[PDB]
């Protein structure tokens, strides 16, 4: 099976540099031409760079937006393709994918070009309401507030609770920090007997929080 795995992303300041790498397996790497493609909500998918195989002497090609700033290269002995990004701009922010012959894709690596500093979240309870009366359904959750950059993940009860969970897209606040909520619906009759813990991970700041959410 073909496997591709990008690495090297994260937060970098405007004007900075970052090198992405893509490790490949499951095909004859030296015969493959490879591409970098990036994605954002604002622009959709955008082709970034291509490097040929031996048949065209490893010819390289670039989107006009990155010409002179980005360089694609490969090391066949390592089965790696690389993207060196210099003079980075805010609009270079996005998820960067490596692909073989536009046929198989890596999982992507998120590149955030921003002058803002890393900040871990505060985690606040969304506590189930005292008005209720049971035999019905209650909702509870966690508000993961004021973090940068993306992403955050949330689980409930260390992954033991998945039905009824909704973890929402984050919103970018006017402060430049993100906020996200995660909720679950549960029987109101369970509130006195079941424990509910949201497990929040903000890898960009190495922040992990387990927040127990209780009524009142």
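Numbering follows the first chain given and starts at 1.
- For the pair 66-74 and 165-173, the mean Cα B-factor is higher in 66-74.
- The mean C-alpha temperature factor is higher for 191-199 when 204-212 and 191-199 are set side by side.
- Among 49, 152, 59, 184, the highest C-alpha B-factor in the deposited entry belongs to 59.
- Per the PDB record, residue ranking by Cα B-factor puts residue 131 in the highest third of the chain.
- In this PDB entry, residue 160 carries a Cα temperature factor that places it within the highest third of its chain's modelled residues.
- Ranked by C-alpha B-factor against the other modelled residues of its chain, residue 27 falls in the highest third.
- Among all modelled residues in its chain, residue 116 ranks in the highest third by Cα B-factor.
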